[PDB]
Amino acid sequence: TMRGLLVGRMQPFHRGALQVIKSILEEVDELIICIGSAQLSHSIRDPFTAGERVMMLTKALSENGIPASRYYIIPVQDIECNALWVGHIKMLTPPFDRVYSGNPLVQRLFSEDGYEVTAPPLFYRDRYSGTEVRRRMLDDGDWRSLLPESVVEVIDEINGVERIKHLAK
């Protein structure tokens, strides 16, 4: 049984990311989705806490009919040592075989540790990235389109827009 690993900040979790996740789910049996930088919250760049993000990511995946048996959602706070980050991820995740990531460091860190590393099967355009979303949330610009309905609801509940706006004064 083959398990893959993915790591992203998910600020917030958007359709782009989701399309990538479904993509990987066609190559592996189970995917371990790691919410990176779980310590950052309340900032224009990282406005949501690990909690809210686990929530968005949980409701969005069970909303798209993706069987809980196919994935794991784990928060991962950043640590001072790059040389200890993989060991850090490993202690928080189930045993995995392939690491999906197009980031040089993440690739190199896992690569150096013996894992098989590849780039995600899909690449979404910046127009769909969180920066657009957050940018729209502030500039009142239909950020919802870029997000899964369940995620909009999470954002609605936690007053995501109100927050990111005040933090922007």
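The numbering used is simple: start at 1 and walk along the sequence shown.
Checked against the record, the higher mean CA B factor of 63 to 71 and 39 to 47 lies with 63 to 71. If you average the C-alpha B-factors over 150 to 158 and over 19 to 27, the higher value belongs to 19 to 27. Between the residues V133, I32, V117, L57, it is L57 that shows the highest Cα B-factor in the PDB record.
The residue among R108, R53, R127, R144 whose C-alpha atom has the highest B-factor in the PDB entry is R127.
Ranked by C-alpha B-factor against the other modelled residues of its chain, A83 falls in the lowest third. Sorting the modelled residues of the chain by their CA temperature factor places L92 in the middle third. When the modelled residues of the chain are ordered by C-alpha B-factor, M2 sits in the highest third.
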